[PDB]
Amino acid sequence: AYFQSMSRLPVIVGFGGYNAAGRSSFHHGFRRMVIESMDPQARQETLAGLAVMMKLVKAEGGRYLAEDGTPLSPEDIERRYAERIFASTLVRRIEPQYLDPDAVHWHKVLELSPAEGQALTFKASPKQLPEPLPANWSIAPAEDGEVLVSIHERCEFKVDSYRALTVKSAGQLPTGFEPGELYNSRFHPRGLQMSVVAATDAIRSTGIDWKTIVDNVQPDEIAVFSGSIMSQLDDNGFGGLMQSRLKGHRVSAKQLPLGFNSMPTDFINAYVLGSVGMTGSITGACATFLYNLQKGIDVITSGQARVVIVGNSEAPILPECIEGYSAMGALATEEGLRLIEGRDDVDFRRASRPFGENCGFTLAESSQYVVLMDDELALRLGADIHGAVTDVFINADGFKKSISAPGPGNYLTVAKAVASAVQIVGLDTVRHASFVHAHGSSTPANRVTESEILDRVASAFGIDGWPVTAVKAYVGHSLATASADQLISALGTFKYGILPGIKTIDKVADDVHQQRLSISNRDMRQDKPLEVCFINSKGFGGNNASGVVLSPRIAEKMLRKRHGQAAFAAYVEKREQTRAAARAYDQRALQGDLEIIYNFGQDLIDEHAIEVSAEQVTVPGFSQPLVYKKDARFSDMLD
């Protein structure tokens, strides 16, 4: 260290995934969020794609069929289905495919006592009786292998019972879209299904054959960083691990391994990419994706990896997660929303109200990935550029009281992020062509503390009217994946020049600090295109992060400057072909033809054919040898 020398620039060459707004690739999810602001062709295309995903129309030979068989144009689909599509996307009341928020199962303790008046007696299979038999219970032989049991003392049974959750809303994938139906997903937790399906969307969005990418780098130069913050807590993962015996049965052979928080990452190496490269799963509570992204940037700038898949997968819409967050007072409850609305019949579509009158966050599911390459490899392959990522800063809070309360670290991350952007694009561009993807979690603490940080950093850097957007208004809070939802939305702003409004609020709460911020409940189109986005995130445990994302225009200027006009022109030619391939994928995806990659048990490396020498390793299936890298770090310390 001291300072970093000239380095590879991380460019975003693909992105994809799924959240409550739909499919992320090609900006479809973004378009759903700003659907009314899009032109009709873009809107109708996205609506048609949602209709297919949701099984509202049948994709038949490039056309669309109603339940009647009636052929529909995209214009007809908007007329006929827009209301249903809108009602069955974004934050909304929790639907039965997850749970019934008025009837979740638990066990009550039922204390049964006998007394002088009536016997407490039953017949039972002896194999179902407690072991050892409770000493006070009577047992006698009965017919058909059963025994006659009588109880003489108070004891505790557990009985099935049903209760209502105080929280009724969540950010849910579009109703009817089922990731598990898209590949051989038997026994996989929902978070793993979502990771597999999202990863394929991201990889195919590049318009480049994965084989071509692998053939162009060393085997160790591919990296994947993903994971969840909860672990996979459904029945097929740690839910089964922790609950099976309390429900009367054994733990399965797969519940423990498939529950690990690294499995969204591990499944991508094992079944999607077939990578022998770098891997890891980094958590930082609700800033987790930016923690993974920091690692991704660092491995590119240090030269360790040239292709990086960075993302997360979280599927936390489960009664235990909801109760766990509720127990902290963290979530928007029905009663909380009743107070804000001043009526009993709440609009759960407005449960998430960043910077407005609000009362806690809304839990959501999402899996999102970006594909990064170094600039030189992107240039070589004709990879498209959706943006560039230059830094992520992470700072804890110092000493704390409550571990989950907000703290000062986010001052440091935002300040450092802005300063870093000034060095790269200049003060004027930061002042007049940057925006903030606010953490915007929809809590009274966040709206005050986050706005105060942004306002004070704005003042320090001489920014006024700093545009702020809050993706959680649309898709809720997907925990690990939250800042990936932010990043991907940001890319849509670069594409279409629209800053999504916070449409769920009627006005900004009176206690929000606004002097230097522009927070709107309407979509906005800036005269001067936005060139830089600051992604802001935080979580429990003194976790804070801010990321810097540059637009395609800025990134292209940078590649042109470094590589020159001849090399850039050659890149442009190759990129016309990769753009055509990507568009063809988007067209298939619109039709529901997603071709999920799940390569279980295929193309396994024969380890006995790995060749190791003192100069390199040859790995079966990889055309490029892994040549050990010459080290200059400590050369002055030697001899």
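When you see a residue number, it is the position in the sequence shown, counting from 1.
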Taking the mean of the C-alpha B-factors per stretch from the entry, tell me the winner out of 198 to 206 and 513 to 521. 513 to 521
Given the B-factors recorded for C-alpha atoms, which segment has the greater mean, 468 to 476 or 216 to 224? 216 to 224
Of the choices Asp593, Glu573, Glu60, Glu45, which one's C-alpha carries the largest B-factor in the record? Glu60
Among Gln118, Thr265, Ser537, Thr362 - the residue whose C-alpha B-factor is largest in the record: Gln118
Relative to the other modelled residues in the chain, which third contains the C-alpha temperature factor of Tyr369: lowest, middle or highest? lowest
Third assignment of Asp384 from its chain's C-alpha B-factors: lowest
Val430, C-alpha B-factor rank within chain (lowest, middle or highest third): middle
Split the chain's modelled residues into thirds by Cα B-factor; is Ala124 in the lowest, middle or highest one? highest
State the tercile, meaning the lowest, middle or highest third, of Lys507 with respect to the CA B-factors recorded for its chain. highest
